[PDB]
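Enquirer: Could you work out the structure for the sequence below:
(one chain, ligands or ions: 3)
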Amino acid sequence: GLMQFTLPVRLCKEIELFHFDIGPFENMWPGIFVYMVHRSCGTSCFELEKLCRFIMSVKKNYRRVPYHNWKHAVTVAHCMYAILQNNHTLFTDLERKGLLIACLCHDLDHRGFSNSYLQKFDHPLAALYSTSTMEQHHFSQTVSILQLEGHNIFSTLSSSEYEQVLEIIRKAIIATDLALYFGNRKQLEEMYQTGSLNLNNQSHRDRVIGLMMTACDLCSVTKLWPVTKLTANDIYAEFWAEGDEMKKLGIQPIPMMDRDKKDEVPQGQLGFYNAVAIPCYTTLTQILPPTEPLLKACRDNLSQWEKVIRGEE
Ligand SMILES: O=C1NCCc2c1[nH]c1c(Cl)ccc(Cl)c21
Ligand SMILES: [Mg+2]
Ligand SMILES: [Zn+2]
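Expert: Residues are numbered from 1 along each chain as shown. Ligands and ions are numbered 1, 2, ... in the order given. The coordinates are given below.
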């Protein structure tokens, strides 16, 4: 009850900032996560014994892949924490509870491969879930871990609050399917500009929480350049492995994913920043003005990728 988590002074200050890096000490990540829940939600939101049992089961079900790993899970949860803290009054108790947990669980049991590689491989998961293949699996894994004895962190909620929170988590996890992001952002763009966007409209909330999930999921492009550059390495290690496996299926991969065409990465990064990241953080800042530091940092990093192409580094 009276057991606060505290952080060292540097972490205590820096964790409030969008561009915080959770650092290389794995064993500190669970406490960083609990710290964020206790300040986003309250020291009352979860039975600490259950939360901790939940966190360690979630951690175990992330695999040892270069990018889609436990560190990504906590990095994306930290970004959602920063958005929630900078937008205190815009979200319900249930939404704050649900979204931090959604972020932690959003890539559960990721194998390092796209929905697209699953479909071409003819993976069992692609027969069970025709679209948002991995994202329907990640939600499935979340529910499975919630149903382990001692793991139902939501136990104290009413029957209908419970159904509300699991529906907040399903929509939020599904929304991390980047194929759904494009339409979701275009719809949010029109709604903001025609002035129809209404946060009391549940279907409008859903859209806005989806964009937040995309913004947190991509938050690697909003870090200080040295963090962004080294995380890009990790994402490309997965992309190249997947490119290799495409070749093994007798399919030339897009040059982005082909490890023989590493020279083309920077232009690929430019495209991704221009087509995905900048529009994502632009639309998010229009709707949630205090999220502007994410846009600014993303623009700084776009500028850094332009220097990479030019050969200035
Ligand atoms: O720079 C990146 N950081 C993490 C996220 C990310 C980055 N580059 C990407 C490309 Cl080219 C495609 C799809 C994603 Cl999710 C990408
Ligand atoms: Mg994912
Ligand atoms: Zn992710």
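
Enquirer: Please identify the residues of the stretch 151-300 of the chain in proximity to ligand 2?
Expert: Contact residues (C-beta under 5 Å from the ion) of the stretch 151-300 of the chain with ligand 2: residue 176. (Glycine included, C-beta is placed from N, CA and C.)

Enquirer: List the contacts of the residue of the stretch 1-150 of the chain found nearest ligand 3.
Expert: Using C-beta to the ion, residue 107 is the residue of the stretch 1-150 of the chain that sits closest to ligand 3, at 4.3 Å. With contacts taken as C-beta atoms under 8 Å, 6 or more residues apart in numbering, residue 107 has the following neighbours: 62, 68, 72-73, 76, 134, 138, 176.

Enquirer: With residue 39 instead?
Expert: By C-beta under 8 Å, 6+ apart, the contact set of residue 39 is 81, 85.

Enquirer: what's the helix or strand for it?
Expert: helix 29-40 (DSSP states H and E).

Enquirer: and that helix, how far out from the chain's middle?
Expert: In terms of C-alpha atoms, centre = their mean, to the nearest Å, the centre of helix 29-40 is found 16 Å from the chain centre.

Enquirer: Just give me the neighbour total for residue 196.
Expert: Applying other C-beta atoms under 10 Å, we find 10 residues neighbouring residue 196.

Enquirer: do residue 247 as well
Expert: 15.

Enquirer: again, but for residue 27
Expert: 6.

Enquirer: Now do it against residue 5, distance only.
Expert: Going from residue 27 to residue 5 by C-beta to C-beta, to the nearest Å gives 13 Å.

Enquirer: Ok, residue 268 next?
Expert: Distance, residue 268 to residue 5, using C-beta to C-beta: 40 Å.

Enquirer: what's near enough to touch the closest residue to residue 113 other than its chain neighbours?
Expert: In this structure, residue 113 finds its nearest non-sequential neighbour in residue 242, 5.4 Å apart by C-beta to C-beta, 6 or more residues apart in numbering. Residue 242 makes contact with 112-114, 117, 253, 257, according to C-beta under 8 Å, 6+ apart.

Enquirer: ditto for residue 245
Expert: The neighbours of residue 245, taking C-beta under 8 Å, 6+ apart as the test, are 113, 117, 121.

Enquirer: what do you get if the cut-off is 10 Å, keeping everything else the same?
Expert: Residues near residue 245 by C-beta atoms under 10 Å, 6 or more residues apart in numbering: 112-113, 117, 120-121, 251, 253, 257.

Enquirer: Need those in JSON lines (columns: secondary structure and neighbour count).
Expert: Listed next are the contacts of residue 245 as JSON lines, based on DSSP: H, G, I helix; E, B strand; the rest coil; neighbours: other C-beta atoms under 10 Å:
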{"residue": "112", "secondary structure": "coil", "neighbour count": "18"}
{"residue": "113", "secondary structure": "coil", "neighbour count": "20"}
{"residue": "117", "secondary structure": "helix", "neighbour count": "23"}
{"residue": "120", "secondary structure": "helix", "neighbour count": "15"}
{"residue": "121", "secondary structure": "helix", "neighbour count": "15"}
{"residue": "251", "secondary structure": "coil", "neighbour count": "11"}
{"residue": "253", "secondary structure": "coil", "neighbour count": "21"}
{"residue": "257", "secondary structure": "helix", "neighbour count": "23"}
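
Enquirer: any idea how far ligand 1 is from the residue lying closest to residue 261 once chain neighbours are set aside?
Expert: Distances taken as C-beta to C-beta, 6+ apart place residue 255 nearest to residue 261, at 4.1 Å, with adjacent residues excluded. Counting by C-beta to the nearest ligand atom, to the nearest Å, the gap from residue 255 to ligand 1 is 11 Å.

Enquirer: Surely residue 255 and residue 246 touch.
Expert: No. Using C-beta atoms under 10 Å, residue 255 makes no contact with residue 246, being 11.6 Å away.

Enquirer: can you give me the end-to-end distance of stretch 218-230?
Expert: Distance between the two ends of stretch 218-230: 14 Å, counting by C-alpha to C-alpha, to the nearest Å.

Enquirer: Now do the buried residues in that stretch.
Expert: For stretch 218-230, the neighbour count (16 or more other C-beta atoms under 10 Å) marks 218-223, 227-228 as buried.

Enquirer: now swap in stretch 42-62 and tell me
Expert: 45-46, 48, 50-55, 57-59, 61-62.
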